[PDB]
Amino acid sequence: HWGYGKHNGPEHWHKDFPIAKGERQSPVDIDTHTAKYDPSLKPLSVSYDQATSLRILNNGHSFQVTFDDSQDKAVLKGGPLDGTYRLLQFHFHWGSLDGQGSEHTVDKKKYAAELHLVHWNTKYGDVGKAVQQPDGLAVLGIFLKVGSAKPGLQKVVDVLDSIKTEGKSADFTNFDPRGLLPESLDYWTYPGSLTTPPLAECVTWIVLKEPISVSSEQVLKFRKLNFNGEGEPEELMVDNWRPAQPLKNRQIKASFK
Ligand SMILES: CCC(=O)Nc1nnc(S(N)(=O)=O)s1
Ligand SMILES: [Zn+2]
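Per the deposition metadata, X-ray crystallography was the technique used to determine this entry, at a resolution of 1.6070 Å.

Dropping the structure here:
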C-alpha cells in the first residue's frame, strides 16, 4: 500500500494511480514572479462561524479533523469559485525538520508544514461524486513556519497523544478552524489535484500567501505521530508531503498585486 517511504513513496504512486503523471497534478512550485495578478478574482469568502467539528483521526498518512458536511455550516465561496463548497476536513503535511514539510513551495522555498482545509462543491451532492469532477473540490492551503505559537492550534496538538497510531480516532467537538487562519486572505489559485492517492484531478487550489506561525513545541507534537498501526514497528509520521509536480499547461493566478 502507498505511503511516503523509499519503496512506496510518491515516486511509486503512478503504478497504482497512473494519473500521477497527469496534466494537472499537485502540489506545484508557486513562482511568485510568473503568477499573474488577476483583478477579476473576487475576495475569498470563508464562512466558518457555524462549523461543527466531529472527530480527529490518524489515517496512516496524516491526522485529520472531520466536520459535519450534511448542511451549509462551514462554507467556502467567492475567490475563483463558482458556487458553494462545504468544509469536510482539514489535515496537515509536515517534515522531519523545519526546512521541509510543505507540499506547495514558494519560489522553491519549503515551509515546515502545510494545512489543507478540504471543501467540496455542493452542486455534486457528496464528496465521492465531487472527486469525479474537475471543479469538485476546493482546498485552502496555508503554510506553517516555525516561530511563535498559534494559540488556535493548541487544542489540536494536545489530543494527538490519543491518536498516535494509524486507525485511532477521538471525539473532537467545538473546534473552531477560524483560529488557524492568517490575517490576510490574499491567495494564489490554479487547477490541480489531490496530493494523496487517488490523486484525482478535481481540485481548485487556493493557497494563501501569508503563513501562520506555529511553535517548535507544536510541530514537534506532529512528529511524534506514527505511520504504523499499534503493534507494528514504530515509524514516525514525518515527511508526509508530495514534492512539487510539473506545472505543464497551467497558469497560477494571484489575487493581489
Ligand atoms: C475525499 C476525501 C479527501 O479529502 N481526500 C483528499 N485527498 N488529498 C487531499 S489534499 N492533500 O490534496 O488536500 S484531500
Ligand atoms: Zn493535504
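*Asks:* Could you give an account of unusual backbone geometry, naming the residues involved and the relevant values?
*Replies:* With an omega of 0°, the peptide bond between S26 and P27 qualifies as cis. The topology assignment puts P27 in the segment before β1 (29-30). Residues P197 and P198 are joined by a peptide bond in cis, for which omega reads 10°. Summarising the element assignment, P198 is placed in the loop between β12 (187-192) and β13 (203-208). In the Ramachandran plot, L199 falls in the positive-phi region, its phi being about 60° despite a non-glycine side chain. Relative to the elements of secondary structure, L199 occurs in the loop between β12 and β13.

*Asks:* Hey, could you go over the site of ligand 1 for me, with residue numbers and the actual values?
*Replies:* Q89, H91, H93, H116, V118, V127, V139, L194, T195, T196 and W205 make up every residue found near ligand 1. Between a nitrogen atom of ligand 1 and a side-chain N or O atom of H91, the distance comes to 3.3 Å. Counting residues per element, the ones that place at least two in the shell around ligand 1 are β7 (85-94) and β9 (113-121). Top contributing element to the shell around ligand 1 by residue count: β7, with three residues. Residue composition of the shell around ligand 1, grouped by class: five nonpolar, six polar and no charged.

*Asks:* Which residues make up the UniProt feature "binding site: Zn(2+)" in the protein, and what values go with them?
*Replies:* When the UniProt feature table is mapped onto this chain numbering, "binding site: Zn(2+)" sits at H91, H93 and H116. Of the residues just listed, which span 26 residues, no C-alpha pair is farther apart than 8.2 Å, and they cluster in one region. Inspection of the secondary structure puts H91 in strand β7. When residues no more than four places from it in sequence are discounted, the contact partners of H91 are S62, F63, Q64, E114, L115, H116 and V118. A distance of 2.8 Å separates a polar atom in the side chain of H91 from a polar atom in the side chain of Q89. The topology assignment puts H93 in strand β7. In this structure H93 comes out as buried when scored by relative accessible area, which is 2%. Apart from the residues within four sequence positions on either side, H93 is in contact with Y4, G101, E103, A112, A113, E114, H116, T195, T196, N240 and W241. Of the polar contacts made by the side chain of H93, one reaches the side chain of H91; its length is 3.1 Å.

Conventions and cut-offs
- Residues numbered from 1 in each chain as written, not as in the entry; some residues may be left out.
- Chains lettered and ligands numbered in written order.
- Heavy atoms only, no water.
- Helix = DSSP H or I, 4+ residues; strand = E, 2+ residues; numbered from the N terminus.
- Near = heavy atom within 4 Å.
- Polar contact = N/O pair within 3.5 Å; in protein donor to acceptor, adjacent residues only side chain to side chain.
- Nonpolar A, V, L, I, M, F, W, Y, C, P; charged D, E, K, R; others polar.
- UniProt positions renumbered as here; feature names shortened; annotations may be inferred.
- Contact = heavy atoms within 4.5 Å.
- Buried < 20%, exposed > 50% of the residue type's maximum accessible area, 1.4 Å probe, protein only.

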